[PDB]
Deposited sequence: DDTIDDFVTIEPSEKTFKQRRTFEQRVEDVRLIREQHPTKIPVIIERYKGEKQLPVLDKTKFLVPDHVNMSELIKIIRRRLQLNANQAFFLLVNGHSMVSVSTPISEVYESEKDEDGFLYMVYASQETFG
C-alpha cells in the first residue's frame, strides 16, 4: 500500500552515464592505472538463471588472460559465457590487453556480458 519500492537498477552502464562522462571516466582511470584495462561486466539482457553481481566495473591487469577473468567472475557469481560487446566469444588464452585493443568501445571501455550457455 504505502510501501515504497527502493532499488537499483533499471538501466545499463551506457544508459546511466553520458558518452562524455564515460570518455572522461576512461581517461582518468587510464592515466592513474596505465597497465589496467577498464572492463564493464553486466548480465545479459535475457538472463534469468544466473544472478546479478554487486559490481559491474572492473580494473583488469594487462596480462590476465580471459580464462582467469572468467574464473574470477565465476567465483564472484558463486555453463558460463562471457561475451565481449554482448555477442563475441574470444579465445580464453587471449590476454585482456589484446581484447581491449581490438574490441574496446568508442568511449574507451571494454564491454562484456555474462550469460548462461
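Positions of the deposited sequence absent from the coordinates, in order: 1 to 4, 83 to 87, 127 to 130.
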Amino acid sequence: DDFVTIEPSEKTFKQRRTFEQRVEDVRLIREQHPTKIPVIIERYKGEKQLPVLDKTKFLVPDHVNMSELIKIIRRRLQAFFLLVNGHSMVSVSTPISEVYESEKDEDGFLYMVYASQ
From here on, numbers count along this sequence of modelled residues.
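Here, rigid core means the biggest group of C-alpha atoms that superpose within 1.5 Å across both forms.
Choosing between 80 to 88 and 36 to 44, the greater Cα displacement from the shown form in 9 other deposited structures of this protein, fitted by the core, goes with 80 to 88. Note on 99 to 107 vs 9 to 17: mean CA B-factor is higher in 9 to 17. Of the two stretches examined, 52 to 60 and 28 to 36, the record assigns the greater average C-alpha temperature factor to 52 to 60. The entry lists a Cα temperature factor for residue 92 that places it in the middle third of the chain's modelled residues. Annotation for residue 41: C-alpha temperature factor in the lowest third relative to the rest of the modelled chain, per the entry.
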